[PDB]
Amino acid sequence: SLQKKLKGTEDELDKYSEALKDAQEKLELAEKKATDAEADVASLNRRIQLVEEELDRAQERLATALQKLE
Amino acid sequence: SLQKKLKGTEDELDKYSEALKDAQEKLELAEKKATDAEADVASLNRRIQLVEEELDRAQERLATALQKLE
Amino acid sequence: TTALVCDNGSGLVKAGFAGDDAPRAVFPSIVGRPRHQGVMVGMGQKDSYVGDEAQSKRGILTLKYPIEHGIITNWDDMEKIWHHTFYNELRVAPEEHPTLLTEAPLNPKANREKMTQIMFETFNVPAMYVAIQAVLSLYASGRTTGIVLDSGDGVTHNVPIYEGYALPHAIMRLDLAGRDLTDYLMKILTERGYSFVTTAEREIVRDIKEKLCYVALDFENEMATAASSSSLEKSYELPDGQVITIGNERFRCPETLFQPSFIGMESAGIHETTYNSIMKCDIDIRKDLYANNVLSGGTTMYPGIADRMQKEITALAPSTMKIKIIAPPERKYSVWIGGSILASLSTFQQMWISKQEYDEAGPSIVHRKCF
Ligand SMILES: Nc1ncnc2c1ncn2[C@@H]1O[C@H](COP(=O)(O)OP(=O)(O)O)[C@@H](O)[C@H]1O
Ligand SMILES: [Mg+2]
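Protein chains in written order, with the UniProt record's numbering: chain E, 45 to 114; chain C, 45 to 114; chain G, 7 to 377.
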């Protein structure tokens, strides 16, 4: 009588195990994508501040040359 | 006997179900972070070319002013 | 016939036929021996495990590196490594294949002499040649000028080349490399509470360094951020479970390249050595050297290394000059690609060292015009 219950429990355990394994696999996939995106955006943010400083002292010496031309 | 194994299997299945719920929660949070980073990088890499052309013509008339001053 | 390109390197042996796009076989240059006794009878385990085979049996074996800093210390296990590479990974008899090798700048002449003697006697290759790693790396990038930095696991060196003309007097070689970074990471992880002593766990620390470490653009600001925020910690899973966490050590380890004082080295960082090597050259070629800075080697693969190096060099060099750093995605395989391209050239066919030529001229011929 309990054999059918054990078989059903085993089938359910296998089903939830497969679903869980897919859940991790997707979790590592999404996490790797997120970390790669975060590293890329952080690097290009650092690029953003460096080009911002570049631009700033660009108008600095541009203005200086402007009064020099004056 | 078999009852102890069945009870342990049920408890483990509940634990892995809770882990599954946490896994989907973490996946959703990672997806939200990924799309926010995508929006941020989109804004940044459509402003980088504006900054680049800005510094480009900045140095352009820097050179013009320098040669006129000379 | 076809030519064979072998790159012994240090910590990773990469080899393959000339003309291929990528090396066919890549495996760690590790030879191991079992330190235990073994009780099962009939197993018939062999004395020595080499290559990637020893990596899978890490917990039972002990790992010995035949190459410390470019140079080779133990020669019998080096012969074992070469025999394995020729016979198992490539499955080709070296009796009918010329072999091209890579050799770091500023190494003892006895190294080259014994290398050629072993390759001509033990394996009886019809011909062979030895080339500098930096020149091959410059071949791979498609450039013809520019200063190239080759930071591998054994040694870091800069070779300034202009229009195909090397400048030997400006070559700078530094012993800081990936192995020292791994050792410093081992020394620094003890602070958090994790202790690694066995040579097997050296590989685990190396994997952590490869997969987790990164270079910070600014050091003090990153320290201030990490002292308050907790967004820098990441978790790693050891082979037997027991997840660990890591904070400042994530970016403190690669800073040793720019701050050699961390491990007690007297010399200056790579950013300063590159600028010094550029300034050691003439004055009419510094524009192209500044504008064609080439990176290579496995240790260069740290994320954010290019931005920090460019910032430092710009802070050193005059503001008028344009500073550009070339960082191809395939940095660590650049040397082998350059070697394949060099061995595939038609004009290179008459620069090999022949068998009878070596026999009549002796092993000393390596240092002659056939460099
Ligand atoms: N992505 C990476 N992160 C950290 N270290 C790396 C990375 N890629 C390669 N390395 C380092 O480079 C070393 C191998 O250098 P490699 O390019 O194979 O030349 P060689 O074999 O001559 O040292 C390894 O010890 C490894 O620590
Ligand atoms: Mg190398």
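Ideal Cβ placement from N, Cα and C applies to all residues, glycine included.
Roughly how many angstroms separate the alpha carbons of G/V56 and G/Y93, rounded to a whole number? Residue mapping note: residue 56 of chain G aligns to position 50 of the third sequence, counting from 1. Residue mapping note: residue 93 of chain G aligns to position 87 of the third sequence, counting from 1. Roughly 12 Å separates the two Cα atoms.
Here's the rule: buried if 16 or more other CB atoms are within 10 angstroms of the residue's CB, otherwise exposed. What is G/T128? Within the third sequence, residue 128 of chain G is the residue found at index 122, counting from 1. The residue is exposed, with fewer than 16 neighbouring Cβ atoms inside 10 Å.
Assigned secondary structure, G/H277 (DSSP; H/G/I helix, E/B strand, else coil): Taking the third sequence and counting its residues from 1, the one referred to as residue 277 of chain G is at position 271. Helix, per DSSP.
Since G/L223 meets chain E, which of its residues come closer than 7 Å, beta carbon to beta carbon? For the purposes of this step, residue 223 of chain G is taken as residue 217 along the third sequence, with counting starting at 1. Near G/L223 (Cβ distances below 7 Å), the residues of chain E are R90.
Distance check for G/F268 and G/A60, CA to CA, integer angstroms please. Within the third sequence, residue 60 of chain G is the residue found at index 54, counting from 1. Within the third sequence, residue 268 of chain G is the residue found at index 262, counting from 1. So the two alpha carbons sit approximately 32 Å from each other.
Report yes if the CB atom of G/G22 is closer than 9 Å to the CB atom of G/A31, and no otherwise. Translated into the one-based positions of the third sequence, residue 22 of chain G becomes position 16. Translated into the one-based positions of the third sequence, residue 31 of chain G becomes position 25. Cβ atoms of G/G22 and G/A31: closer than 9 Å.
Across the stretch 34-50 of chain G and the stretch 164-171 of chain G, are there enough close Cβ pairs to call them in contact, namely three or more that are closer than 8 Å? no
For G/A222, tell me which candidate among G/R39, G/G253, G/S346, G/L69 has the shortest Cα-Cα distance. Here residue 222 of chain G refers to the residue found at position 216 when the third sequence is read from its first residue. Of the listed residues, the one whose Cα sits closest to G/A222 is G/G253.
Which listed residue (G/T108, G/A116, G/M49, G/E101) has its alpha carbon closest to that of residue 4 of chain G: Absent from the structure is residue 4 of chain G, since the part of chain G shown begins at 7 and ends at 377.
C-alpha distance - G/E272 paired with G/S35, whole-angstrom precision: Mapped onto the third sequence, residue 272 of chain G falls at position 266. Mapped onto the third sequence, residue 35 of chain G falls at position 29. Approximately 29 Å between the Cα atoms of the pair.
Are three or more beta carbon pairs between the stretch 364-374 of chain G and the stretch 181-193 of chain G nearer than 8 Å? no
Helix, strand or coil at E/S87 according to DSSP, with G and I counted as helix: Numbered from its first residue, the first sequence carries residue 87 of chain E at position 43. Three-state result, E/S87: helix.
Which bits of chain C does residue 121 of chain E rub up against, with CB to CB less than 9 Å? Not covered by the structure: residue 121 of chain E. The range shown for chain E is 45 to 114.
Closer than 7 Å by beta-carbon distance: list the chain B residues that pair up with C/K77, in chain order. Any reference to chain B falls outside this structure, whose protein chains are E, C and G.
Please name the residue, chosen from G/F264, G/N14, G/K293, G/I138, that lies closest to G/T279 on a Cα-to-Cα basis. On the third sequence, residue 279 of chain G is found 273 positions in, with the first residue counted as 1. The shortest Cα separation from G/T279 among G/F264, G/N14, G/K293, G/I138 belongs to G/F264.
Between G/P104 and G/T7, is the Cβ-Cβ spacing less than 9 Å? Counting from one through the third sequence, the residue named residue 104 of chain G turns up at place 98. Counting from one through the third sequence, the residue named residue 7 of chain G turns up at place 1. Yes.
Use the C-beta contact count for G/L67: other C-beta atoms within 10 angstroms, 16 or more gives buried, fewer gives exposed. Your numbering for residue 67 of chain G matches position 61 in the third sequence. G/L67 is buried by the Cβ-count criterion.
Which residues does DSSP list as the beta-bridge partners of G/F33? Taking the first residue of the third sequence as 1, we reach residue 33 of chain G at position 27. DSSP output for G/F33 lists G/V19 as bridge partner(s).
Terminal residues of the continuous beta strand (DSSP E) containing G/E109? Within the third sequence, the letter at position 103 stands for residue 109 of chain G. Element bounds for G/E109: 105-109.
How is the alpha helix (DSSP H) around G/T128 delimited, first residue to last? Here residue 128 of chain G corresponds to residue number 122 of the third sequence, with the count starting at 1. It is not in any alpha helix (DSSP H) - G/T128 carries neither H nor E in the DSSP assignment.
Would you say G/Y220 and G/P335 are within 9 Å of each other, going by their C-beta atoms? Stepping through the third sequence from its first residue, residue 220 of chain G is reached at position 214. Stepping through the third sequence from its first residue, residue 335 of chain G is reached at position 329. No, these two residues do not count as a Cβ contact at 9 Å.
Measure the beta-carbon distance from G/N298 to G/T151 and round it to whole angstroms, keeping in mind my assumption that it falls under 8 Å. Translated into positions along the third sequence, residue 298 of chain G becomes position 292. Translated into positions along the third sequence, residue 151 of chain G becomes position 145. Confirmed, Cβ separation roughly 5 Å.
Please compile the residues from chain G whose C-beta is within a distance smaller than 9 Å of the C-beta of E/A83. Stepping through the first sequence from its first residue, residue 83 of chain E is reached at position 39. Residues of chain G passing the Cβ test: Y220, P309, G310.
Rounded distance between the beta-carbons of C/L73 and E/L57, thought under 8 Å: Taking the first sequence and counting its residues from 1, the one referred to as residue 57 of chain E is at position 13. Taking the second sequence and counting its residues from 1, the one referred to as residue 73 of chain C is at position 29. That belief does not hold up - the Cβ atoms of E/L57 and C/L73 are roughly 28 Å apart, past 8 Å.
Report the three-state DSSP secondary structure of G/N164 (helix, strand or coil). Position 158 of the third sequence, counting from 1, holds the residue named residue 164 of chain G. Of the three classes helix, strand and coil, the one that applies to G/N164 here is strand, per DSSP.
Taking the alpha carbon of G/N164 as the reference point, which residue from G/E197, G/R149, G/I138, G/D189 has its own alpha carbon closest? As a position in the third sequence, residue 164 of chain G is number 158, starting the count at 1. Comparing Cα positions, the closest option is G/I138.
Checking 9 Å against the spacing of the C-beta atoms, do E/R91 and C/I92 come in under that value? By 1-based counting over the first sequence, the position of residue 91 of chain E is 47. By 1-based counting over the second sequence, the position of residue 92 of chain C is 48. It is a contact, given that the beta carbons lie within the stated cut-off.
Excluding sequence positions up to five away, which residues of its chain have a Cβ less than 6 Å from the Cβ of G/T122? Translated into positions along the third sequence, residue 122 of chain G becomes position 116. Cβ within range, chain order: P369, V372.
For G/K330, decide whether its Cβ has a neighbour in chain E, counting only Cβ atoms nearer than 9 Å. Within the third sequence, the letter at position 324 stands for residue 330 of chain G. No - not a single Cβ of chain E is within 9 Å of the one on G/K330.
For G/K286, which residues from the same chain have a beta carbon less than 6 Å from its beta carbon, with the 5 sequence-adjacent residues on both sides left out? Walking along the third sequence from the start, residue 286 of chain G turns up at place 280. Closer than 6 Å at Cβ, skipping near neighbours: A176.
Assign G/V136 to one of three DSSP states: helix, strand, or coil. Residue mapping note: residue 136 of chain G aligns to position 130 of the third sequence, counting from 1. Residue state, collapsed to three classes: strand.
Tell me whether G/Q51 sits in a helix, a strand or coil according to DSSP, three-state version. Mapped onto the third sequence, residue 51 of chain G falls at position 45. In this structure, G/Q51 counts as coil in the three-state DSSP scheme.
Contact between the stretch 182-201 of chain G and the stretch 240-253 of chain G (3+ Cβ pairs under 8 Å): yes
One question on the structure: do G/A349 and G/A9 come within less than 9 Å of each other, judged by their Cβ atoms? In the third sequence, residue 349 of chain G corresponds to position 343, counting from 1. In the third sequence, residue 9 of chain G corresponds to position 3, counting from 1. Yes; because the gap between Cβ atoms is below 9 Å, this pair is in contact.
Considering only the beta carbon of each residue, do G/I359 and G/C259 sit closer than 9 Å? Within the third sequence, residue 359 of chain G is the residue found at index 353, counting from 1. Within the third sequence, residue 259 of chain G is the residue found at index 253, counting from 1. No.
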